[PDB]
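Worksheet: one structure, shown below.
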Amino acid sequence: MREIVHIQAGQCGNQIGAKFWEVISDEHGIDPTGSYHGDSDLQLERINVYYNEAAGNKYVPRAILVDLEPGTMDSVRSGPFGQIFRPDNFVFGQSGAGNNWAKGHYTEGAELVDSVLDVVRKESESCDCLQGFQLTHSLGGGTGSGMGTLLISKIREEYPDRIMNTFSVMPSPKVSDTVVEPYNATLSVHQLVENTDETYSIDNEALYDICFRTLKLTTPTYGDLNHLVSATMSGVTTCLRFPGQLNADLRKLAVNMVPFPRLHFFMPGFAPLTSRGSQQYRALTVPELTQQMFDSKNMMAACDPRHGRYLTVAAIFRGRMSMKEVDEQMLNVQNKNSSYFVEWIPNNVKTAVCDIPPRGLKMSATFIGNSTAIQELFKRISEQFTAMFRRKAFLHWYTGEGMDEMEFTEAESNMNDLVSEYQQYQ
Amino acid sequence: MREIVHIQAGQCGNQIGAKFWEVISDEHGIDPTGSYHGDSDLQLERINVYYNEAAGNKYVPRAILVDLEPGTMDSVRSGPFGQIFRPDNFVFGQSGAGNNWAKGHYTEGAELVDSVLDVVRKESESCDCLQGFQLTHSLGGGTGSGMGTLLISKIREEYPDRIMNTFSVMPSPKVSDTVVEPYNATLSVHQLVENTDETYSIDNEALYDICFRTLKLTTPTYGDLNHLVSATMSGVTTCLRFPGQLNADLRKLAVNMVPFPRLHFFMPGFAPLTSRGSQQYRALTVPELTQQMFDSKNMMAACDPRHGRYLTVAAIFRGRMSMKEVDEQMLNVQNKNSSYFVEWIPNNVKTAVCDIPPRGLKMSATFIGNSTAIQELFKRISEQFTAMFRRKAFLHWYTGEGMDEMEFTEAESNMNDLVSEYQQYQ
Amino acid sequence: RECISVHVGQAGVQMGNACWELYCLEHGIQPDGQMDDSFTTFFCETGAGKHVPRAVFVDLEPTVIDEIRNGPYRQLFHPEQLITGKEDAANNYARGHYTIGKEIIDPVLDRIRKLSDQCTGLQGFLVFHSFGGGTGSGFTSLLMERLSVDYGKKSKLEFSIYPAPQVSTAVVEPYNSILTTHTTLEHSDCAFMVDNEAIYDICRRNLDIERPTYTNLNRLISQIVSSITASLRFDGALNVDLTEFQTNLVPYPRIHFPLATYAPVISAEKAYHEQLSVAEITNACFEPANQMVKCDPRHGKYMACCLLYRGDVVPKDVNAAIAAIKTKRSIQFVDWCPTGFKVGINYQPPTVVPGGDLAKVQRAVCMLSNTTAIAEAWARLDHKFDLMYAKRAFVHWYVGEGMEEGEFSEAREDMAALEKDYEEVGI
Amino acid sequence: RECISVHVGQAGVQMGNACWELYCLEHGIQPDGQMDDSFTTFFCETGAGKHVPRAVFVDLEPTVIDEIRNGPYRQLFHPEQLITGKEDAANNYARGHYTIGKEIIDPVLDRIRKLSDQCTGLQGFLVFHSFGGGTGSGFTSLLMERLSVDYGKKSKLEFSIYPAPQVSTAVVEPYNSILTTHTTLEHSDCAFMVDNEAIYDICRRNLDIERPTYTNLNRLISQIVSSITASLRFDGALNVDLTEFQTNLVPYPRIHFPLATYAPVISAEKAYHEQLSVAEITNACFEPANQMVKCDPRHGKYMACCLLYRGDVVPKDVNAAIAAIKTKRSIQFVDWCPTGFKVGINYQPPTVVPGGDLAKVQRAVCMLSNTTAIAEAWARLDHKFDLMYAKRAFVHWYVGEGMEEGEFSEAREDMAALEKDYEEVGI
Ligand SMILES: Nc1nc2c(ncn2[C@@H]2O[C@H](COP(=O)(O)CP(=O)(O)OP(=O)(O)O)[C@@H](O)[C@H]2O)c(=O)[nH]1
Ligand SMILES: Nc1nc2c(ncn2[C@@H]2O[C@H](COP(=O)(O)CP(=O)(O)OP(=O)(O)O)[C@@H](O)[C@H]2O)c(=O)[nH]1
Ligand SMILES: Nc1nc2c(ncn2[C@@H]2O[C@H](COP(=O)(O)OP(=O)(O)OP(=O)(O)O)[C@@H](O)[C@H]2O)c(=O)[nH]1
Ligand SMILES: Nc1nc2c(ncn2[C@@H]2O[C@H](COP(=O)(O)OP(=O)(O)OP(=O)(O)O)[C@@H](O)[C@H]2O)c(=O)[nH]1
């Protein structure tokens, strides 16, 4: 019933994807070996929505790990939950892309894309009725942006009616661990803007910004950053994994958040985000959570929403709570801040709640926002691309794989178009 | 009741034939010494269909090992199940054929063929009612293709009404352990196409191709290759060795698979083929088995079926299972892939099931397919024969035994005819 | 994933003897030839309980080869892989390329072919030499030209030791460097560089070694070339490969000259008194006198910069450190690459040699960065070459080998083409 | 299954003394004459607890025969089987064929008859000689002609040592080789060949024996001729017989000249450092300088190729190795035989002699392949023969024996017929 096919592309996509199966396995109460040791019967009610049944009451995940570097799979396979994945799903190349979009899209990806399409076809026909695709990648690099965006195009050709969901991390100028980020970035959004129906814009610097102020971790690693973004992946698919008073499927989130076919780049958020040294000094009631959800500094994107206007926003709550306090908080949050909300839509908020909260927390929610402040990211990314493209810097490596410079200009044409599209509705 | 006379010709035929008696002896629960130590009473219900009763509750197999090289019988006799065979059946020459079809067919075979006809006549008249002949040989070499195909002609003269079944391995250009393969190949198919009613086309490179992908053996030997092909020999004769809900005899398989008298070259397959490191991550239900049966890469022939159209296919299942899931899987597998199935036949699939699966497995099946993709093997084999025949290369050795070059041309005339016959129905 | 290497000349084998002793003690490989997927990149599995490096030390003069055979590390290297010539190159580009070069490449070129066939994940090549000599100039350009026409697509990580501005070991090293760079300018994908007096300045100030030797110089060089390939050997939080050095550092195919530096360089007694974190060492590698080349980065502009860390370095304080470098106006980046930063991290920490000059540190960094600052060095090398070329100094030895005056003009104008490209790209 | 052998000349008995010591230590046969179906092919059962080889060492000069009688291996060989003559052939084809040959074949020919009658599974014959001498040229053609008219149908595995291109032991060896090949061209089914300086090149480069002798040369030759017959002795996964060498290698009855090579050749100290698998040795035997004949296979085209392995070699990695040889364009196969590969495997591994030059290896390979590359050697031998034939050099000794000038013309034109066949079949 409404299965979701997971596909982990790129290095970062495998990390957050590995953490995604980790955090939800504790919710469903699945051992790392694959056997069930939970407590609730509702965990088995919708275990098939992500997993597949097998002999001995073992549940293998419907994960397809793809990467052009075999060392990444060795770290994921040797992890805590690395043994639960299927060995057949671990398809991979031998030579890395080396942070080149042309290599992972034309030459290095084309030899492997024939091998992955037969694998995802197995997981697609084996299910009862597939709903969509939950993909994880990074706009930087070559294997994430090149090969990850390639199979988005092929899956659009084969399954044009299904939902194409993407949890994509993207670069920024303050934190940049790669020189070829704007070239890889502008080439990836050309495919995401046309093919995919929904995308979550996650900025890496905001993952560090949120851990200083609210969580105040003194020694944060990448695993801590994967924990908070993977919680958002669990929040979006909570309504169909457990029952609730007001269920909202991933398609039900799409129609409320995607007012136009190109304006589907969202801005995720999550709460409660509180340190252990300040957990006792906080009330779990919803008004203290609602002010944290719509906070300018709480979200995992560096774009300040006060510099623009929200097109449409969704909040999927979790846990047993009172609906009047939930619904009335959505009223005062938007009318008091009417300047930060478009007047040509009467109600920008979408509500949803579930009866089964995460383990260890009684009250929680996930913030999903499509705002016009995201064009600031497209502004700085476009200027970094135009600054390096205007003298043809770092393009001769791309031409070696048969790539034309006009495609960079066509990607540049798409960049200012979607920038001007967000500027139309502000 | 419907006895089958086994006859192991050639080196490879003795190996897979020795493995054939090995794998079925565990199914019937027969000791290597010859005494019964099984558990089920149905094993004795149809033990006479292959074995003969003797004193002391000992069961000798109805195997006739023929070879022109005495060293081969010493390895088979000194094997695990080498002592169960009859010593009188071990008839053999002294001088090998040396990979020459003319030697094993005219001179070296003619001196021994008088000795083997009196032996098979003993096993034929000793039975209650013989059904057919289960022969194993190789199209390469001289003793397998020359002497093995010779007694097919003599048995056709004596028993024209009985079924002539052959499990024949054949060469390929990628893996070729002999120089005289296309000459021996094209001379053997001249006899198999006219005399035999049914033949299984097994390609040696596909035996290696299947062990990399699905079974992933790191150190495979010839004994591992004999295990998977011998399972297919057990699958074809399962319906008369044990009871079932829908029994299909070897003659019942022939009429469904042999639409014309010459088009009887089949393409075997078997499932489940899963490694020990991926057995727990697989479901034994029939839809995961059905997609593996009709898979392009699962079969033991290198001809890709997607480049042609299936003339007719049969699947003999094994084990207690539900018929609705079995029958409905045959519906969606053919209609979704209507391009790979002929439109001038409404239903190409033949169904069969048994209640007694193999030991150690609860669900299994064997794939039997007559497809027009097999002409690709006849194409490359014909071009290798025509490439060497057009200047009379390696023919002077054949003329020493009194063989005429016109017979090579007559064999060449048969080659393009059966090639064009498969091209007629595509 | 695997990689092979060939060492040429006295400069190569001295670094070859110094780097492979570092690689063996990292993976617990004793010097007698024996002690999972960490050593498979460089070392092979020789049947059972025995290893062999993927190394071929080639040299025309036989003093270095048999010394390695009679050295302490006898059983590690293969006895056949240690190739030796018959007659020295004798500080001549032509002699190691045509007379002695042509008659020895045939044993060498077919060896790297079959030595690569047993491998399957050959990522590229890395060489070790010095253009100040003959065998390091002539024979190196010959083999690198002979394999580039065969493979081509694979990478080539050149490690050449250039002469200092005022310090120098030879007298004809401009002739040796100017001729071999004419062939290296088009075939080499990238080429990291090392200097003579600069690396002496590292151990003089920070390591306080007032009487060092080449044995001490090659140790910290081994730390550099082992740290760049440490990502493929051991697991890391952000794994990088050898192909990253081509995409992130080479903006144009004929401008392929990054710099090289390393930090922290600190002695034993000074290690315990000095604080170890990413902030202080991030400022140390960008310090101009802490580089391995006498060149002022303030004069030029960094085209691209790459960083690779080791040890317990979390991604928080390392990102705050480089952010302070962006707002620091002591150095200036070029407008053609604003986001010219490539960060890397490996979990395995920097090791230490028993009895070595360097001390044990819980973290380290090595920076490779392309810049327009090295144009003045090519102007300096081209300037001094015109003084000797005007008098036709040391020319009769090269033409006695088989060359003429014409290709000297090609070597001059090809470097002149590089200067106009460096001032154009530096706008 | 059994087979008999006869050794002729100094070249034969030196290989005879070297090969039968290898056969005895394989089957645990001590040199005193004593220690199931493994030794029955070559050695007989002499009543109880005693064996005798199926060997007859024939030679006209008596120095080699009595040395074997007074050698260490006295009790193994029969005292009557060691036949000795009265007068040496003296490097003359005619003298060992007519004067001394006719008076000694009668003891020899009837011996192999009754020595075969006690046998029952005689597969064929294999001889050992060298056409560079007199007894190896004249007497060998006489006996091989005398048994071919009697048996005919049985195989004949000739093992002749041809002279090198520039190295040579005699001066009249073109006259000796050109006359005996006139009779061998039609009666011999197949003939493997060995060279003098080529086998020296094997032990010089790979085995690093700078001062070898003929005792060392015959050891690796014994490994070759013992490995081809290892399939009939011990059990194998793919058993091959002596008749396979006639069908798979002889495309035409008058083109019956395969090459010979062996791998791996490696010393003791080098065996432990070098990796042992099928991939590296499959490339070693196809290496042109690793052959037992100074001949370039790149010039010609392989008509057919046969492979025979020993030891623990699974059929997976050996099939992947030869598949890499097919796509490798360094060598080119002829269009008249695309699938020119005959693979074989035996479970019994390669042994090692106590105190021998070769080291113990867990696997081995020996390749016998027909090719058109050997036409230039016949052109070389025919070319130098015309220089001496034009001056009538060394002719008065042959006509003094009983011959004339006519059959010299037949020997010339018969080899001239072979060259036009080699250039025609090589199209
Ligand atoms: N929040 C996290 N971010 C990460 C993590 N690992 C890397 N990254 C960030 O994502 C950036 C690029 O993503 P990747 O590491 O996956 C580069 P990719 O594997 O796609 O290409 P290649 O490794 O060159 O084959 C990278 O520069 C980091 O800023 C992580 O574990 N967690
Ligand atoms: N799957 C297997 N294939 C084998 C096995 N043995 C051989 N073969 C293959 O079959 C090919 C030829 O078959 P044979 O070995 O029987 C040659 P044959 O005995 O018929 O003739 P002679 O040995 O010359 O008398 C051979 O080249 C192999 O590719 C085996 O044990 N298993
Ligand atoms: N840093 C460093 N440089 C070295 C070392 N050994 C040699 N060199 C460099 O090598 C240069 C000399 O060129 P070489 O190629 O070594 O000359 P060679 O090996 O003596 O052989 P010829 O050129 O024929 O005389 C010197 O200028 C050194 O800078 C070393 O151990 N460390
Ligand atoms: N490889 C090898 N070749 C040998 C050996 N002994 C002899 N020969 C070859 O034999 C050739 C000489 O011809 P032979 O038939 O031996 O002559 P002979 O035995 O001295 O007798 P005469 O011809 O009468 O002088 C030489 O050219 C050698 O190449 C040996 O032990 N090893």
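All residue names refer to the structure tokens as shown: chains lettered A, B, ... in order, residues numbered from 1 in each chain, ligands numbered from 1 in order.
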message: Can you tell me which residues surround residue D:28 at a distance of at most 12 Å, considering only C-alpha atoms, apart from same-chain residues fewer than 4 positions away, and format the answer as a PyMOL selection string?
response: chain D and resi 21-24+32-36+38-39+43+51+351
- prompt: Leaving out residue D:16 and any residue of its chain fewer than 2 positions from it, which residues lie within 8 Å of it when counting only C-alpha atoms, given as a ChimeraX atom specification?
  reply: /D:7,12-14,18-20,57,128
I need the strand (DSSP E or B) residues of stretch 160-291 of chain C per DSSP on the backbone, written as a PDB file with N, CA, C and O atoms, in the first residue's frame.
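Result file is states.pdb:
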```pdb
ATOM      1  N   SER C 160      58.523  17.312  -8.913  1.00  0.00           N
ATOM      2  CA  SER C 160      59.844  17.747  -9.352  1.00  0.00           C
ATOM      3  C   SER C 160      60.440  18.730  -8.353  1.00  0.00           C
ATOM      4  O   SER C 160      59.734  19.583  -7.809  1.00  0.00           O
ATOM      5  N   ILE C 161      61.747  18.605  -8.129  1.00  0.00           N
ATOM      6  CA  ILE C 161      62.498  19.496  -7.250  1.00  0.00           C
ATOM      7  C   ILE C 161      63.204  20.520  -8.134  1.00  0.00           C
ATOM      8  O   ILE C 161      64.204  20.207  -8.787  1.00  0.00           O
ATOM      9  N   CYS C 190      49.106  17.674 -13.859  1.00  0.00           N
ATOM     10  CA  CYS C 190      49.439  18.513 -12.718  1.00  0.00           C
ATOM     11  C   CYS C 190      50.833  18.142 -12.235  1.00  0.00           C
ATOM     12  O   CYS C 190      51.296  17.017 -12.444  1.00  0.00           O
ATOM     13  N   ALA C 191      51.496  19.100 -11.589  1.00  0.00           N
ATOM     14  CA  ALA C 191      52.889  18.943 -11.173  1.00  0.00           C
ATOM     15  C   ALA C 191      53.132  19.788  -9.928  1.00  0.00           C
ATOM     16  O   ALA C 191      53.243  21.015 -10.014  1.00  0.00           O
ATOM     17  N   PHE C 192      53.221  19.126  -8.778  1.00  0.00           N
ATOM     18  CA  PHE C 192      53.609  19.785  -7.542  1.00  0.00           C
ATOM     19  C   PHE C 192      55.125  19.941  -7.503  1.00  0.00           C
ATOM     20  O   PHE C 192      55.862  19.117  -8.053  1.00  0.00           O
ATOM     21  N   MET C 193      55.582  21.008  -6.845  1.00  0.00           N
ATOM     22  CA  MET C 193      56.971  21.443  -6.887  1.00  0.00           C
ATOM     23  C   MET C 193      57.548  21.586  -5.484  1.00  0.00           C
ATOM     24  O   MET C 193      56.834  21.874  -4.520  1.00  0.00           O
ATOM     25  N   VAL C 194      58.861  21.371  -5.397  1.00  0.00           N
ATOM     26  CA  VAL C 194      59.633  21.456  -4.164  1.00  0.00           C
ATOM     27  C   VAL C 194      60.895  22.248  -4.475  1.00  0.00           C
ATOM     28  O   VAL C 194      61.374  22.237  -5.614  1.00  0.00           O
ATOM     29  N   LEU C 238      35.294  12.712   4.712  1.00  0.00           N
ATOM     30  CA  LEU C 238      35.103  13.266   3.367  1.00  0.00           C
ATOM     31  C   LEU C 238      36.243  12.704   2.519  1.00  0.00           C
ATOM     32  O   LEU C 238      37.332  13.282   2.449  1.00  0.00           O
ATOM     33  N   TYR C 252      43.128  25.738 -16.438  1.00  0.00           N
ATOM     34  CA  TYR C 252      43.433  25.689 -17.864  1.00  0.00           C
ATOM     35  C   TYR C 252      44.451  24.576 -18.082  1.00  0.00           C
ATOM     36  O   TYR C 252      45.270  24.316 -17.188  1.00  0.00           O
ATOM     37  N   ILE C 255      48.185  25.679 -17.627  1.00  0.00           N
ATOM     38  CA  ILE C 255      48.550  26.278 -16.344  1.00  0.00           C
ATOM     39  C   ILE C 255      48.276  25.218 -15.284  1.00  0.00           C
ATOM     40  O   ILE C 255      47.151  25.094 -14.785  1.00  0.00           O
ATOM     41  N   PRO C 258      50.742  23.910  -9.243  1.00  0.00           N
ATOM     42  CA  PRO C 258      50.452  24.279  -7.855  1.00  0.00           C
ATOM     43  C   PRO C 258      51.706  24.362  -6.994  1.00  0.00           C
ATOM     44  O   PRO C 258      52.776  23.861  -7.348  1.00  0.00           O
ATOM     45  N   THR C 261      53.014  22.919   0.584  1.00  0.00           N
ATOM     46  CA  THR C 261      53.385  23.301   1.941  1.00  0.00           C
ATOM     47  C   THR C 261      52.796  22.278   2.904  1.00  0.00           C
ATOM     48  O   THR C 261      52.009  21.411   2.515  1.00  0.00           O
ATOM     49  N   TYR C 262      53.194  22.387   4.169  1.00  0.00           N
ATOM     50  CA  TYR C 262      52.800  21.429   5.191  1.00  0.00           C
ATOM     51  C   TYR C 262      52.866  22.099   6.553  1.00  0.00           C
ATOM     52  O   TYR C 262      53.697  22.981   6.779  1.00  0.00           O
ATOM     53  N   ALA C 263      51.979  21.675   7.456  1.00  0.00           N
ATOM     54  CA  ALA C 263      51.983  22.152   8.824  1.00  0.00           C
ATOM     55  C   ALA C 263      51.235  21.140   9.681  1.00  0.00           C
ATOM     56  O   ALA C 263      50.375  20.422   9.152  1.00  0.00           O
ATOM     57  N   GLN C 291      56.283  28.068   3.236  1.00  0.00           N
ATOM     58  CA  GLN C 291      56.085  27.301   2.014  1.00  0.00           C
ATOM     59  C   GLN C 291      57.373  26.589   1.614  1.00  0.00           C
ATOM     60  O   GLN C 291      58.463  26.908   2.095  1.00  0.00           O
TER      61      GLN C 291
END
```
task: Could you list, as a PyMOL selection string, the residues of chain C having an atom within 9 Å of chain A when counting only C-alpha atoms?
output: chain C and resi 1+121-123+232+235+237-253+304-307+314-316+319-320+322-323+335-344
Grab the residues selected above and save them as a compact mmCIF listing (two decimals), in the first residue's frame with N, CA and C atoms.
```txt
# COMPACT_ATOMS: atom_id res chain seq x y z
N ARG C 1 40.72 0.17 -5.79
CA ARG C 1 41.50 1.40 -5.88
C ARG C 1 42.98 1.11 -5.60
N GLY C 121 42.28 -1.47 -10.33
CA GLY C 121 41.78 -0.15 -9.96
C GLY C 121 42.85 0.92 -10.05
N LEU C 122 43.65 0.87 -11.10
CA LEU C 122 44.73 1.83 -11.29
C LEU C 122 44.14 3.22 -11.51
N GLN C 123 44.26 4.08 -10.50
CA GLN C 123 43.68 5.42 -10.59
C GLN C 123 44.54 6.33 -11.46
N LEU C 232 42.41 7.59 0.23
CA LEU C 232 42.09 6.32 -0.40
C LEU C 232 42.54 5.12 0.43
N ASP C 235 39.80 5.11 5.97
CA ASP C 235 38.47 5.70 5.89
C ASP C 235 38.50 7.13 6.41
N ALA C 237 35.97 11.01 6.80
CA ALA C 237 34.66 11.64 6.82
C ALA C 237 34.30 12.24 5.47
N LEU C 238 35.29 12.71 4.71
CA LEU C 238 35.10 13.27 3.37
C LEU C 238 36.24 12.70 2.52
N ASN C 239 35.98 11.57 1.88
CA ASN C 239 37.00 10.89 1.10
C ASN C 239 37.22 11.60 -0.23
N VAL C 240 38.49 11.84 -0.56
CA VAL C 240 38.91 12.43 -1.83
C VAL C 240 39.85 11.46 -2.52
N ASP C 241 39.90 11.55 -3.85
CA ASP C 241 40.67 10.67 -4.72
C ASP C 241 41.67 11.49 -5.52
N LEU C 242 42.51 10.79 -6.28
CA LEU C 242 43.56 11.43 -7.06
C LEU C 242 43.02 12.26 -8.21
N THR C 243 41.81 11.98 -8.70
CA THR C 243 41.22 12.77 -9.77
C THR C 243 40.75 14.14 -9.31
N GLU C 244 40.64 14.38 -8.00
CA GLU C 244 40.27 15.70 -7.51
C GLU C 244 41.36 16.73 -7.79
N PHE C 245 42.62 16.30 -7.83
CA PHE C 245 43.73 17.21 -8.09
C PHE C 245 43.76 17.74 -9.52
N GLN C 246 43.02 17.14 -10.45
CA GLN C 246 42.94 17.61 -11.83
C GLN C 246 41.80 18.61 -12.02
N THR C 247 40.66 18.36 -11.37
CA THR C 247 39.48 19.19 -11.59
C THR C 247 39.54 20.49 -10.80
N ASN C 248 39.95 20.43 -9.54
CA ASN C 248 39.86 21.56 -8.63
C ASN C 248 41.05 22.51 -8.68
N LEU C 249 42.18 22.11 -9.30
CA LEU C 249 43.42 22.86 -9.28
C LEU C 249 43.90 23.33 -10.64
N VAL C 250 43.45 22.72 -11.73
CA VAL C 250 43.89 23.02 -13.09
C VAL C 250 42.79 23.83 -13.78
N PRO C 251 42.81 25.18 -13.72
CA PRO C 251 41.76 25.94 -14.42
C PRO C 251 41.90 25.92 -15.94
N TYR C 252 43.13 25.74 -16.44
CA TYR C 252 43.43 25.69 -17.86
C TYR C 252 44.45 24.58 -18.08
N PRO C 253 44.45 23.91 -19.24
CA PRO C 253 45.27 22.70 -19.38
C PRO C 253 46.77 22.97 -19.43
N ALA C 304 43.35 28.65 -7.24
CA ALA C 304 42.58 27.62 -6.56
C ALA C 304 43.39 27.13 -5.37
N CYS C 305 42.70 26.59 -4.37
CA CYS C 305 43.31 26.10 -3.15
C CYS C 305 42.62 24.82 -2.71
N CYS C 306 43.42 23.85 -2.27
CA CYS C 306 42.95 22.57 -1.77
C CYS C 306 43.56 22.31 -0.40
N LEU C 307 42.76 21.72 0.49
CA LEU C 307 43.14 21.42 1.86
C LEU C 307 42.84 19.96 2.14
N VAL C 314 37.32 17.90 13.72
CA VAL C 314 35.88 17.97 13.50
C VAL C 314 35.62 19.04 12.44
N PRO C 315 34.48 19.01 11.72
CA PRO C 315 34.29 19.97 10.62
C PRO C 315 33.82 21.35 11.06
N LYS C 316 33.68 21.59 12.36
CA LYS C 316 33.21 22.89 12.85
C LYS C 316 34.35 23.91 12.86
N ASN C 319 36.02 24.87 9.54
CA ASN C 319 35.26 25.76 8.67
C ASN C 319 35.31 27.20 9.18
N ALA C 320 35.36 27.38 10.50
CA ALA C 320 35.51 28.72 11.05
C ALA C 320 36.90 29.28 10.76
N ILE C 322 38.91 28.68 8.00
CA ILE C 322 39.02 29.13 6.61
C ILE C 322 38.15 30.36 6.37
N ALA C 323 37.06 30.52 7.12
CA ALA C 323 36.25 31.72 7.01
C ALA C 323 37.03 32.95 7.46
N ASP C 335 39.49 37.13 -8.88
CA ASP C 335 38.06 37.21 -9.15
C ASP C 335 37.56 36.08 -10.04
N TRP C 336 38.44 35.35 -10.73
CA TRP C 336 38.01 34.27 -11.61
C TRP C 336 37.63 33.00 -10.86
N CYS C 337 37.85 32.93 -9.54
CA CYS C 337 37.49 31.76 -8.74
C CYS C 337 37.25 32.20 -7.30
N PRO C 338 36.09 32.79 -6.98
CA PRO C 338 35.87 33.21 -5.58
C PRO C 338 35.82 32.06 -4.60
N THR C 339 35.14 30.97 -4.95
CA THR C 339 34.97 29.82 -4.06
C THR C 339 36.06 28.78 -4.33
N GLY C 340 37.30 29.25 -4.29
CA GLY C 340 38.46 28.41 -4.56
C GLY C 340 38.97 27.69 -3.33
N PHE C 341 38.13 26.83 -2.75
CA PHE C 341 38.48 26.05 -1.56
C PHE C 341 37.96 24.63 -1.74
N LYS C 342 38.85 23.65 -1.54
CA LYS C 342 38.52 22.23 -1.56
C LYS C 342 39.03 21.62 -0.26
N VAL C 343 38.10 21.29 0.64
CA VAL C 343 38.42 20.82 1.98
C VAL C 343 38.35 19.30 1.99
N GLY C 344 39.25 18.68 2.73
CA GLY C 344 39.25 17.23 2.89
C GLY C 344 39.67 16.86 4.30
```
message: If the limit is 6 Å from any atom of ligand 3, counting only C-alpha atoms and all ligand atoms, which residues qualify? Return them as a VMD selection string.
response: chain C and resid 9 to 11 14 88 to 91 130 132 to 136 169 196 214
File dump, residues just selected, N, CA and C atoms, as a compact mmCIF listing (two decimals), in the first residue's frame:
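Below is the file out11.txt, written as the result:
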```
# COMPACT_ATOMS: atom_id res chain seq x y z
N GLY C 9 66.18 9.09 -10.80
CA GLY C 9 67.29 9.92 -10.37
C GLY C 9 67.63 9.76 -8.90
N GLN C 10 68.70 10.45 -8.51
CA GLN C 10 69.11 10.48 -7.10
C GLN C 10 68.04 11.13 -6.24
N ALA C 11 67.37 12.15 -6.78
CA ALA C 11 66.30 12.81 -6.03
C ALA C 11 65.11 11.89 -5.84
N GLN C 14 66.10 8.72 -3.36
CA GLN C 14 66.27 9.18 -1.99
C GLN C 14 64.93 9.49 -1.34
N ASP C 88 75.81 6.76 -16.67
CA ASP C 88 75.07 7.85 -16.07
C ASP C 88 74.62 8.85 -17.12
N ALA C 89 73.48 9.51 -16.85
CA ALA C 89 73.00 10.57 -17.72
C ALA C 89 73.96 11.75 -17.78
N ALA C 90 74.71 11.99 -16.70
CA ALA C 90 75.77 12.99 -16.65
C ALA C 90 75.21 14.40 -16.84
N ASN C 91 74.11 14.68 -16.13
CA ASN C 91 73.58 16.04 -15.96
C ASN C 91 73.14 16.65 -17.29
N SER C 130 63.84 15.16 -10.34
CA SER C 130 64.29 16.54 -10.25
C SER C 130 64.87 16.95 -11.59
N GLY C 132 66.82 19.33 -12.24
CA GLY C 132 68.16 19.85 -12.16
C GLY C 132 69.25 18.95 -12.71
N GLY C 133 68.95 17.66 -12.93
CA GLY C 133 69.90 16.71 -13.46
C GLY C 133 69.56 16.27 -14.87
N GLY C 134 70.24 15.21 -15.30
CA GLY C 134 70.08 14.67 -16.64
C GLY C 134 69.04 13.57 -16.70
N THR C 135 69.18 12.56 -15.83
CA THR C 135 68.22 11.46 -15.83
C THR C 135 66.85 11.92 -15.34
N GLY C 136 66.82 12.90 -14.44
CA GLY C 136 65.56 13.46 -14.01
C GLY C 136 64.87 14.35 -15.03
N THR C 169 72.73 23.52 -6.94
CA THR C 169 73.63 22.38 -6.86
C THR C 169 74.48 22.22 -8.11
N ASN C 196 64.88 23.84 -2.77
CA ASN C 196 66.04 23.43 -1.98
C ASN C 196 66.23 24.26 -0.72
N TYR C 214 69.78 15.62 3.60
CA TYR C 214 68.72 15.21 2.68
C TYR C 214 67.87 14.08 3.26
```
